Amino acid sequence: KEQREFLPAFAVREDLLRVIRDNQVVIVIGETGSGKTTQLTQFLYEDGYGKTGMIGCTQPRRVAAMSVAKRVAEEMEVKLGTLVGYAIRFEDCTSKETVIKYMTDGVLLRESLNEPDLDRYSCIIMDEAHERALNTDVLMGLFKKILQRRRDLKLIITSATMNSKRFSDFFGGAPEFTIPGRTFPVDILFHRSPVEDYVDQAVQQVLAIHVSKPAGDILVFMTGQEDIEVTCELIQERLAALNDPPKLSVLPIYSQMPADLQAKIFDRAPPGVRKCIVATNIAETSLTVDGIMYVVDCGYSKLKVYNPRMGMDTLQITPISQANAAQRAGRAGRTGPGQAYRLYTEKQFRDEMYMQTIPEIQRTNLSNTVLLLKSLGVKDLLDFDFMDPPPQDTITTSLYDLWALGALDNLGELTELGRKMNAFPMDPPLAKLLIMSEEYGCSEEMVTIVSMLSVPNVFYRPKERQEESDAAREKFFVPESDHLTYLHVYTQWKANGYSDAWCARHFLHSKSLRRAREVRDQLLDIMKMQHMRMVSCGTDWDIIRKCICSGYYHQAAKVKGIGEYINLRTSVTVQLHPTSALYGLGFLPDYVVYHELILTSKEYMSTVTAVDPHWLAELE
C-alpha cells in the first residue's frame, strides 16, 4: 500500500522496538537508505513514547534535518510544524503540537543549557553518529551523565556500518541491532593520471556518462556551494553545446540551500530525463536520492583546518579518507550494479588518503566547544567524557584565543561577555562583534554585516559574463572595506524592495541575500532577549570599521607589498584577494583586519577592512 514498506527498517520494526523497550541505550546499525532517519521516530511514535513527551532525532547536517522532517510529515499526513517539526540553528519549525522533532546536534546542545536533563524528551535518536561530528561527540559525553540522572529516557544511537563498533562500549555495553543491507557490486574506476582541474574533469565525466550510458541518475561529489555552482554552470554550458543530447536535470545540494531547492532533488524527473545531483558529502550518508547509478568523486571535502604555513585556521579543500571514498562509491550500488568514477589515481588513493577520518574533536578549532561546555558547568575539556579527547595543543589555542577575546578572564573563567557570546550560534569573534556594536552605536548595521558573513557570498561571477559581472561588483564597492561593501549591497537590495529581478540585473545571488535576511531576523530576536538596543551610526561608516577592528584585532595585518600583508599575531604572509573592495582604493592601506583565510593557489585573506593604526594601539 505504501512506498515506506519497501524499506529494510519496516521488517525489523517489532524486534527493534523489543530491544528499545528492554534497554536504556541501543545502537542501530544499517546502511544509508535503510530507513533509520524516516522510520525510527515513527516506530517510537506508534509504540507510545510520544504519550509522555517528545521524540527527538538529532543529526549533524541542517539539510538532512529539514528534508527528513518534510518527508516524515508527508508519510504521516500532518502539516510540517505540527505533529512533525524541525529545529535548526536559525529556524524553529515546531509548535505545542510537535511530538517528533528533527534537529541539528547544536540545537539540542543549546537546549541542554537551560534543560540539562532534556525533560521535554521521552526518547532521543542520535542519528549519523558514525560521522563523529564535534557536537555529536559533545552530546554522547552529555548523555553519559543524563542517562544516570534519568532512567526513563531511551537513547538510540544510529550508525552507517563503518565506525559503528565503539558506541556500544562507550554506553556500558549497549546492545547493537543491525538492519541487513542489499548492495550491488559497484565498478570503481580510478583516473589514469592525477587531476589538476577536478571541476573540468567532473563535467567531462558527467557528459560522457550522459551521452553513452543507459538510464540511471548521476551523483557528483564536490566540496561547497562555490565549486558546485561552477560545476552546474559548466554542465549546462557544455550540454547546450552538444548536438541533440538527451535532457539532463542538474540539481545542487549544499548546507545553506533553501527548502525549495531541497525539495527538487527528490522529485522524479519526466520519463526519459536523467538527473545529475551535484552535492557535498551531505550525499555520503545523510540522505539518499532514488535511482543513482553513476557517482563522480572529486576526492575532496572543504574544511576549516589548522595550517602549519599559517599557524592558524585556513578554509581549504582536503583529501577524503579511503572510508569516505567507499561510502561515496556505495551510493551507485542501491538501484543496480552502478559505476563510481574517482577523479584521482589508485596510487593517490593508497598513499595520499588515510584509511579513516580522524574524529572532528581532534582536528577542529575548539573555541565554541570550550565556551559552550564552560556554560554547561565544565571547567576543563579533559574533565568531560569524550569518546576521543581533544589534544592539549588545540585546547591551549582555544583557551588563549578566548582569553584574548575577553570571553575568559585572566584565570580562564567565563566572563559576562563570554556568557553573552554563548547566546549567539556563531564563531566567538563574530558574536563579540555583534555584542560590541551596541556600544559603538552601529548594532543596526552590524547585525546586517554579521548576517552577510553567515551566508554564501553575494557576488555572482558567471564565467561567460566575467567583465560585465566585475563591472557591476565595482559599483557596490566601499573601497575601505569588504564588510561595508556587504552592508552596501544589502541596503541597496532592501531599497529595491528585496527584488530577485534586481539581483539578476546586478549579478547578485538573491538566495544569498534572502538567506542573509532569514539570519538577520533570527539574530534581531536574540539581540532583543539579550536586551541589546538597536542603534544606527547613520552616515558615519568609519565607526563600523573601528568596531570591526575591535572584533577582529587578532587578525590584524600590516602591508608588506604587492597585495601581501603580514599577520601581526604570527608574522605569516597572507595575500589580499583580487576580488577585494580594497583594490578600488588609490593605494593599499598600511593596516587591515580580515574575516578568514582561504587556500586556493595560495593563502588569501577573505573579507578585509582597512583600519587606522591608532585604532589598533587603543586595543589588546
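Counting begins at 1, following the sequence as shown.
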With B-factors read from the PDB entry, the higher C-alpha mean of 231 to 239 and 468 to 476 is in 468 to 476
Segment of higher mean CA temperature factor, 264 to 272 or 183 to 191:
264 to 272
Residue set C503, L108, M446, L366, per-entry CA B-factor max assigned to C503
Residue of maximum C-alpha B factor among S249, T335, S164, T396, per deposited coordinates:
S164
Relative C-alpha B-factor of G330, binned into the chain's lowest, middle or highest third
lowest
CA B-factor placement of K347, once the chain's modelled residues are sorted into thirds:
highest
Would the CA B-factor of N422 place it in the lowest, middle or highest third of its chain?
middle
What third of its chain's C-alpha B-factors does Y86 belong to: lowest, middle or highest?
lowest
Quick one: classify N307 as lowest, middle or highest third of the chain based on its Cα B-factor.
highest
